[PDB]
Amino acid sequence: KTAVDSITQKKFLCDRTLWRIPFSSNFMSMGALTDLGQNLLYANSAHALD
Amino acid sequence: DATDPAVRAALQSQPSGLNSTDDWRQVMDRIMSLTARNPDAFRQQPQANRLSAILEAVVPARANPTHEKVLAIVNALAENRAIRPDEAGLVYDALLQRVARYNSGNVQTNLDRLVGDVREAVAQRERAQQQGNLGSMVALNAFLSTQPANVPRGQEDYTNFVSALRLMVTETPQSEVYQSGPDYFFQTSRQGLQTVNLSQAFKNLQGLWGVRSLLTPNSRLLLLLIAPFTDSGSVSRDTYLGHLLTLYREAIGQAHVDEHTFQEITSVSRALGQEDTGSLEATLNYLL
Numbered sequence: 853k854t855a856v857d858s859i860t861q862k863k864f865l866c867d868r869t870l871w872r873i874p875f876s877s878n879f880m881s882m883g884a885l886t887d888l889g890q891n892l893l894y895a896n897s898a899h900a901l902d
Numbered sequence: 004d005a006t007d008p009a010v011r012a013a014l015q016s017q018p019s020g021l022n023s024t025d026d027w028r029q030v031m032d033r034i035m036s037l038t039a040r041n042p043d044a045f046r047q048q049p050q051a052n053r054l055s056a057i058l059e060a061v062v063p064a065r066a067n068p069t070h071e072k073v074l075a076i077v078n079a080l081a082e083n084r085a086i087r088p089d090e091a092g093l094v095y096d097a098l099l100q101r102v103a104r105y106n107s108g109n110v111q112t113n114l115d116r117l118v119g120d121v122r123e124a125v126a127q128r129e130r131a132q133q134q135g136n137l138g139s140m141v142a143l144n145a146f147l148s149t150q151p152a153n154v155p156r157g158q159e160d161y162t163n164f165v166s167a168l169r170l171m172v173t174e175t176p177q178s179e180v181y182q183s184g185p186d187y188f189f190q191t192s193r194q195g196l197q198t199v200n201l202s203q204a205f206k207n208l209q210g211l212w213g214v215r226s227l228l229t230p231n232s233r234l235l236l237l238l239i240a241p242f243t244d245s246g247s248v249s250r251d252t253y254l255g256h257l258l259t260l261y262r263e264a265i266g267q268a269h270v271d272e273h274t275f276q277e278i279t280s281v282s283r284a285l286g287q288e289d290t291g292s293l294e295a296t297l298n299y300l301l
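So this is what it looks like as structure tokens:
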């Protein structure tokens, strides 16, 4: 009954892992050679990555 | 006329209106009101504008052609790449200073001969660009002096190949041959790719003219460029070089109709509704 006014601190810990961002058009593993790695945009042209 | 060094000198030195010295007849047609369009446009001027044009007509003013004669010469030197466009004001004051130190009746006549001489020399260069032959025929015939005129086997294939070799440099004004050290080369266009090595190709084709995995890829690049300038009877049918020249003519004709097939399939794949990424990859894998 004598609880103080409180705020909630939320966080997460995700150890042992690597934050995967797959270079696919729907972020899914439909194969090791993705659909955007075979793309003529990304396989014939040279792009800058920033 | 846009590339005429004296028409361009008239657009930079002569007035843009009708003075009574350069255009005496065209202003006397207007003073005397015998003009077709608006004859009475001269009566409707004030006396300051109307009497000052009558005085310049019945006794006209003399002028210096020297700044106009020199500027026709400078604008032809800047056009035939003899000077830079940044040096166009430097050499204009340098030439005006020389024809001021040495001014004579001989020199002003000699500038009048030289502004007709640079009208010709600008047009002679622009004809020689669109013909595109004089820099290449003297350097391809200089190449063929080095190559022997008598191969042991297949001389009939060899003398028609080198005659078709003269047909590329003649019937393509952008193509050129030159030398860079020992070897000679052939670019199919100015500042373009597909540069074959003539001294390496003719030391590769020598020994293959009558043979009936062994070709350097610049020799095959030469046999691709020489293919539309070679008839079916220019080389043999069973000879391995003649068998490829027919095979490269079919490859050009198939790539000319796969070009038109590409423009049809991708046009009706957008309107029918497909992925624009996959319409452009499934078409090439159907055509290649």
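Top to bottom, those sequences are chains K and N. Using PDB author numbering, read the first sequence as starting at 853 and increasing by one per residue. Letter by letter, the second sequence follows residues 4 to 215, 226 to 301 of PDB author numbering. Each residue gets a CB set at the ideal place from its N, CA and C atoms; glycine is no exception.
- [ ] Starting from the beta carbon of K:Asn891, find every residue of chain N whose beta carbon is closer than 7 Å, and list them in chain order.
- [x] Position 39 of the first sequence, counting from 1, holds the residue named residue 891 of chain K. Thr290, listed in chain order.
- [ ] Quick one: list the residues of chain K neighbouring N:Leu293, beta-carbon separation under 8 Å, in chain order.
- [x] What you label residue 293 of chain N is simply residue 280 of the second sequence in a count that begins at 1. Those within 8 Å of N:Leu293 in chain K are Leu892.
Open item on the list: What does DSSP give as the partner residue(s) for N:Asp186 in the beta ladder?
Closed with: Within the second sequence, numbered from 1, the residue matching residue 186 of chain N stands at position 183. DSSP output for N:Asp186 lists N:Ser183 as bridge partner(s).
- [ ] Look at the alpha carbon of N:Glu59 and the alpha carbon of N:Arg53, and state the distance between them as a whole number of angstroms.
- [x] On the second sequence, residue 59 of chain N is found 56 positions in, with the first residue counted as 1. On the second sequence, residue 53 of chain N is found 50 positions in, with the first residue counted as 1. Cα to Cα, the separation comes out at about 10 Å.
Open item on the list: Only counting the same chain, and skipping five residues up and downstream in sequence, which positions put a Cβ closer than 7 Å to that of N:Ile86?
Closed with: Taking the first residue of the second sequence as position 1, residue 86 of chain N is located at position 83. Closer than 7 Å at the Cβ level, and outside the excluded window around N:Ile86, lie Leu80 and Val94.
Task: Contacting residues, own chain, Cβ-Cβ under 6 Å from N:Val154 (five flanking each side not counted) - done: Reading the second sequence from its first residue, position 151 is the one you call residue 154 of chain N. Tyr161 and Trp212, listed in sequence order.
Task: With 16 other Cβ atoms within 10 Å as the buried cut-off, status of N:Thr252 - done: Here residue 252 of chain N is taken as the residue at index 239 of the second sequence, counted from 1. It is buried - the Cβ of N:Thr252 has at least 16 other Cβ atoms within 10 Å.
- [ ] May I ask you to report which of helix, strand or coil DSSP gives N:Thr198?
- [x] If you number the second sequence from 1, residue 198 of chain N lands on position 195. Residue state, collapsed to three classes: strand.
- [ ] Find the nearest neighbour of N:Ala268 within the set N:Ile76, N:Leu237 and N:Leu117, judged by alpha-carbon distance.
- [x] Counting from 1 along the second sequence, the entry for residue 268 of chain N is found at position 255. Selected option, being the one with the closest Cα: N:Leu237.
Task: Local Cβ density within 10 Å of K:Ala884, reported as buried at 16 or more and exposed below that - done: Looking up residue 884 of chain K in the first sequence gives position 32. Exposed.
Task: Closest residue to residue 225 of chain N among N:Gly119, N:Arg40, N:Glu159 and N:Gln150 (Cα-Cα distance) - done: There are no atomic positions for residue 225 of chain N here, as chain N continues from 215 directly to 226.
TODO: Note down, in chain order, each residue of its chain lying with its Cβ closer than 8 Å to the Cβ of N:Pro88, except the 5 sequence neighbours on either side.
DONE: As a first step, residue 88 of chain N is located in the second sequence; it is residue number 85 there, counting from the start. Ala81.
TODO: For K:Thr869, name the three-state secondary structure that DSSP assigns.
DONE: Translated into positions along the first sequence, residue 869 of chain K becomes position 17. It is coil, neither helix nor strand.
Task: Cβ pair count under 8 Å reaching 3, the segment 204-211 of chain N against the segment 137-144 of chain N - done: no
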